[PDB]
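Student: Here it is, the structure in full.
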Amino acid sequence: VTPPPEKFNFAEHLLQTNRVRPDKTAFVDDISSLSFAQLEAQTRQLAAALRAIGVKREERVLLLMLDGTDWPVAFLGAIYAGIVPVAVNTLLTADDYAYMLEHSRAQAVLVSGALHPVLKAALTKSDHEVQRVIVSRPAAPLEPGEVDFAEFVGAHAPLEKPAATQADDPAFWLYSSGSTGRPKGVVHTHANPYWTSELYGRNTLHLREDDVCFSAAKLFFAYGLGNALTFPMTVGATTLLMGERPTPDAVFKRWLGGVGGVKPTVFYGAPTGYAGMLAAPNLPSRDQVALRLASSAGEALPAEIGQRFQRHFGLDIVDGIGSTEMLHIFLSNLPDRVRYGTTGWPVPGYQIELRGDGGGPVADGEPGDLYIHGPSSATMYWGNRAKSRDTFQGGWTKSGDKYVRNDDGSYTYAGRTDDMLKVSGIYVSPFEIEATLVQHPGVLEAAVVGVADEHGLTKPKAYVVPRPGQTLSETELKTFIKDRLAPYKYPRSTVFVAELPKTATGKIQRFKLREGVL
Amino acid sequence: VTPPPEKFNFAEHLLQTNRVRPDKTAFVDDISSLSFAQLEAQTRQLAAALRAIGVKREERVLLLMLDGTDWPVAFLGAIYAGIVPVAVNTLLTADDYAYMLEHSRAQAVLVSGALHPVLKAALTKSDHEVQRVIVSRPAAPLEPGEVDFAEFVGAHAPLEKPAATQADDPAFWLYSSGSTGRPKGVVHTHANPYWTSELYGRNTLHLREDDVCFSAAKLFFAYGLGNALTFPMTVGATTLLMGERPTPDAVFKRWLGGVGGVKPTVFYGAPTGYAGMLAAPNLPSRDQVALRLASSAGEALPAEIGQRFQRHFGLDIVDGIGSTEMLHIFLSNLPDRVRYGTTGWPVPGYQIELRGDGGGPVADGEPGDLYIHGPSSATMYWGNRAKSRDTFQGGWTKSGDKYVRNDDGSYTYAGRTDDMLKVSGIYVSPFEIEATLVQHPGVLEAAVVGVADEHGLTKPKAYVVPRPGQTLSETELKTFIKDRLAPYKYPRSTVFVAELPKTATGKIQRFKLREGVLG
Ligand SMILES: O=C(O)c1cccs1
Ligand SMILES: O=C(O)c1cccs1
Ligand SMILES: O=C(O)c1cccs1
Ligand SMILES: O=C(O)c1cccs1
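Here the protein sequences line up with chains A and B, keeping their order. Residues in the first sequence are numbered consecutively from 6, following the deposited numbering. Residues in the second sequence are numbered consecutively from 6, following the deposited numbering.
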């Protein structure tokens, strides 16, 4: 792969790539479509619009939007102007967003109508710097000074040239959370998505122009950003976008060509989703679908899920691992080489190391902490020097995963170096779930660990000590957690216990909980 | 009143004052009591204990505690050490505390057991700097880094000398909410509570050594911090503290001598509480209480409430106004000169100005914006230069209130400059409540305004447009707010309407709602 030039604007790169195919569909959702020419026009009008309201090069904007055709316009339009979009999860709380507004110093917000209420609450509570709120598909009347995204774009002529950025200039942020503390601002450059799109999208997956890409993983997830924006636009593929929650039925409707007159050829999702679809009574048959490639990431793929999928569809699931910090997948199975029970082989262009308790070598077949050296790594966590130092160890990025290397050079997942759980693509802190449980007045103490479900997939499991003299039912506890946590975070079961295993200092021995002591 | 000396430590001042009465009760609550000598010992031991865990002069600690005897030990022990306690409301959310930990850079937290769950959530999610958590009356097993408050105090000998602070050095913080944006860290000096306690506690209320003080307003409130800490310690009075919510029965129990073998002589609380008490069937008779003085602040007092209290008790309610920023009351009725319908007269030592649209003066009988010049003003809002320069303008502090001066020199409340609601003593933003209601999936739009209840006291009232094809209930939405915000921010009723009145700009015509056009 040839490196990108030193003067490089990622948005202009993707627009230029597709000037050969102006009338091919770039993006389609339930209600709209953009050809590559339409996307280019709207991208550059948006870029002009942000500049016209006073947003300057290198300033951030918050991009808080459901998957739909306006999403890439927002993302690429900011980048075309040399403005840094901060693309965030759509299922967070107003407090989460208020922290992000302050921390990013966002100068504007691009937000879906459905998300305006949570955004409004974040604006009201925070010491933000937001100059304008631009609302895609408003679901309620606009407040004074807010503007509809379509009018905002339509009112400005296209910016005539992109910002003259460098390849190693910040281009966009994602946020990633650890087991405690506020989300961390992962800063990616203009070069980083070129690298993931070339090394993985083109050279590992072999995506091509006649593909139709559809990702259950949303655009704000590193995984989804690649799958359904950077990868397809790199090769000229058409992309299907879906705003709603990805259930089996929602996915199957698109698989069957229910939207935009297109059937996906490439699908991407989490192992949990694949398990859910294989369980579904109305799982489509091989002849109803046009899938040629199924990608998975976000948690280890249990072998039985890949084997079942292969037996039913005659397609393997290609399981890989990436991170927010590395932007996309650096260790993967290949379309024509899949070894179930492993995450495959290092992606060419990425170097992988396993380190022991002192940073030393580990013998094949022994677990080590996984570190990655490759060209898509983020530069830092913005404004967090101590966490940056821990993660970005001079050229090597520490994943937080443990792995074992096998005789054939493949790698098998061996757990985490923190206490995070990966519950269907999404990191979940057990300490967060515990913090929520102990605010129920009937709970004295709580401990949350990961447990494998009937398919081998990790879900939280809560051990709760009830407070003497209060009552507390399991149904009571379910209701309590329902609107306080997002559903992926729901414990799969709660066990009421008389006490928890602890050291003399009162630290909970969570390892004893995973070992079954209760 | 003599100014304090340049070298001045407020805690040391209060301890020194009471070296003449070591065995008199300083503080008593439902389970414990402290004489002045025992308070001094505990205060200085706590001071040493904070130093021993590495907290330095000028660093903050969060004080998140229910009213009881440990509260003044925590507050004065920090100040004795030259450490700055940040005294906060006990009814807030985890998100609320997360922000205060971050913004204060608190190095330790002193917390009541009952508030440990909410603090734990705040510590988990925040980028805080807390090294140790000291837990007063733990209600669950201690975690690593946590220590029982009595064990912590008991583990250290008294600090020999207080920190050598200056009168104008920061001594403590309180947080003040605004209509939008984060709550503001109000910085008070060592001198500030000396001035309030001399100018108001002694010289206006005439508190004396033989009083027993009892405030329904908790210690974290600027009002209660004077009432039940700085005021009584200044004169050697005994103070009754209560952890629980101040309902009429709880208050009456204490008025009657149900706790500590002491009947309060001096009561303090919001007009809301006085209305609740006067409406109560079990309201005590005169001959059952020892009350000699009844103070009110936190909202304007309806004349009818003071008049009924006086008819029943032969005591007036003495209404005054203070602010977090001015630390205590600067405009007040006097114990023997009360004019109901007014907040009385300037407190000697404070100058008061009303200013109209141009910054100029206003005629008597017309409203103006209230500004105060007095010696207890906070210095700034920590880390907020813009709001500091807007509030603290060369010796004048802007209250955000409007008032009218009457012909007799008394002052009558005329509303706010910023749409804040003052609900039972607590400033509440209607915009916070609204932005929260709109997250309800059945709500299309919502506006919240302040409406008088049946006693004339302002409560939030919500006007909601439901989403077409949804039916909502009042109580559902009360719950929805209690589950997300501090609980007393809940709208007392919700009116469901088809549309909100708006300007041509799409701005909500809040004045129409408040004026009752839609009911
Ligand atoms: O495995 C994962 O979580 C990811 C794959 C690509 C970006 S993140
Ligand atoms: O399938 C999904 O929704 C996801 C996989 C990785 C992040 S989200
Ligand atoms: O609860 C009360 O009575 C009050 C709190 C603050 C002023 S009065
Ligand atoms: O009136 C009030 O809110 C206050 C009285 C003394 C401090 S604050």
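Heads up, the beta-carbon is just placed ideally off N, CA and C, and yes, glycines get one too.
Would you kindly check if the distance between the Cβ of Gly206 of chain B and the Cβ of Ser220 of chain B is under 7 Å?
Tutor: Against a cut-off of 7 Å, the Cβ pair of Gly206 of chain B and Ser220 of chain B comes out as no contact.
Student: Give a yes or no on whether the C-beta atoms belonging to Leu442 of chain B and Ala451 of chain B are separated by under 7 Å.
Tutor: In contact: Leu442 of chain B and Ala451 of chain B (Cβ atoms closer than 7 Å).
Student: So the candidates are B:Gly365, B:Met385 and B:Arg344; which of them puts its Cα closest to the Cα of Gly414 of chain B?
Tutor: B:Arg344
Student: So, helix, strand or coil for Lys466 of chain B, using DSSP?
Tutor: strand
Student: Can you name, in chain order, every residue of its own chain whose Cβ lies under 6 Å from the Cβ of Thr235 of chain B, other than the five neighbours on each side?
Tutor: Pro198 and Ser202
Student: State yes or no: is the C-beta of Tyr468 of chain A nearer than 6 Å to some heavy atom of ligand 2?
Tutor: Result no, Cβ not under 6 Å from ligand 2.
Student: If you scan the region 177-215 of chain B from start to end, which runs of the alpha helix (DSSP H) of 4 or more residues do you find wholly inside it?
Tutor: Runs of the alpha helix (DSSP H) inside the region 177-215 of chain B: 196-201.
Student: Would DSSP call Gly118 of chain B helix, strand or coil?
Tutor: If DSSP states are grouped into helix, strand and coil, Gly118 of chain B belongs with the helices.
Student: For a test of your reading of the model: does the CB of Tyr418 of chain A fall under 6 Å from any non-hydrogen atom of ligand 2? Yes or no.
Tutor: no
Student: Would you identify the three-state DSSP class for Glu437 of chain A, choosing helix, strand or coil?
Tutor: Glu437 of chain A falls in the helix class under three-state DSSP.
Student: Would you verify that the beta carbon of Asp423 of chain A is, or is not, closer than 7 Å to some beta carbon of chain B?
Tutor: no
Student: Quick check on this structure: which residue in B:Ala160, B:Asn411 and B:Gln171 has the alpha carbon closest to the alpha carbon of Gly346 of chain B?
Tutor: B:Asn411
Student: Do the region 39-48 of chain A and the region 68-87 of chain A touch if we need at least three Cβ pairs shorter than 8 Å?
Tutor: Cβ pair count under 8 Å is three or more, so yes.
Student: Can you tell me the Cα-Cα spacing of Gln356 of chain B and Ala86 of chain B, whole angstroms?
Tutor: Note on geometry: alpha-carbon atoms of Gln356 of chain B and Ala86 of chain B lie some 33 Å from one another.
Student: Since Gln444 of chain A meets chain B, which of its residues come closer than 8 Å, beta carbon to beta carbon?
Tutor: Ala99, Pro122, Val123 and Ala126
Student: Using DSSP's beta-bridge definition, name the partner residues of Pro8 of chain A.
Tutor: Paired residues: none, contrary to the question.
Student: Indicate the three-state DSSP secondary structure (helix, strand or coil) for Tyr432 of chain A in the structure shown.
Tutor: It is a strand residue.
Student: Can you pull every residue whose C-beta falls closer than 5 Å to some heavy atom of ligand 2, listed in chain order?
Tutor: A:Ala221, A:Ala222, A:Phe226, A:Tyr228, A:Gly274, A:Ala275, A:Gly278, A:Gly303 and A:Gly430
Student: Strictly under 7 Å for the Cβ-Cβ distance: is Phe436 of chain A near chain B by that measure?
Tutor: Interface annotation, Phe436 of chain A: in contact with chain B, CB-CB separation under 7 Å.
Student: Does DSSP classify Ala451 of chain A as helix, strand or coil?
Tutor: In the structure shown, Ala451 of chain A sits in a strand (DSSP, three-state: E or B).
Student: When you compare the CB of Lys494 of chain B with every CB in chain A, is at least one pair closer than 7 Å?
Tutor: no
Student: Please list, in chain order, the residues of the region 453-476 of chain A that have any C-beta partner in chain B closer than 7 Å.
Tutor: Residues: none.
Student: Please confirm whether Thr48 of chain B has its beta-carbon closer than 7 Å to some beta-carbon of chain A.
Tutor: no
Student: Can the beta-carbon of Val114 of chain A be found closer than 7 Å to that of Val135 of chain A?
Tutor: yes
Student: What do you reckon, is the C-beta of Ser381 of chain B under 6 Å from a heavy atom of ligand 4?
Tutor: The closest heavy atom of ligand 4 lies 6 Å or more from the beta carbon of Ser381 of chain B.
Student: Shortest alpha-carbon distance to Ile58 of chain B belongs to which of B:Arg26, B:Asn14, B:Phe32 and B:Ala160?
Tutor: B:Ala160
Student: Relative to ligand 4, is the shortest distance from any of its heavy atoms to the C-beta of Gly327 of chain B smaller than 6 Å?
Tutor: Yes, Cβ of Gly327 of chain B sits closer than 6 Å to a heavy atom of ligand 4.
Student: Taking the Cβ atom as the reference point for each residue, do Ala491 of chain A and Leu96 of chain A lie within a distance shorter than 7 Å?
Tutor: yes
Student: Using the Cα positions of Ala419 of chain A and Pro8 of chain A, report the straight-line distance between them to the nearest angstrom.
Tutor: Taking the straight line from one Cα to the other gives about 33 Å.
Student: Determine the closest residue to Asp424 of chain A out of A:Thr417, A:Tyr416 and A:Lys407, with distance taken between C-alpha atoms.
Tutor: A:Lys407
Student: Can we count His445 of chain B as close to ligand 1, meaning its CB is less than 6 Å from some heavy atom?
Tutor: Every heavy atom of ligand 1 is 6 Å or more from the Cβ of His445 of chain B, so no.
Student: For the region 257-268 of chain A and the region 283-290 of chain A, state whether three or more C-beta atom pairs, one from each stretch, are separated by less than 8 Å.
Tutor: yes
Student: Which residue marks the beginning of the alpha helix (DSSP H) containing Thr484 of chain B, and which one marks its end?
Tutor: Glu479 to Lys487
Student: Is the CB-CB distance between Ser300 of chain B and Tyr273 of chain B below 7 Å?
Tutor: In this structure, the beta-carbon distance from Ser300 of chain B to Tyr273 of chain B falls below 7 Å.
Student: By DSSP, does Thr239 of chain B sit in helix, in strand, or in coil?
Tutor: helix
Student: Return the CA-CA distance between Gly474 of chain A and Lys464 of chain B, expressed in angstroms with no decimal places.
Tutor: 35 Å
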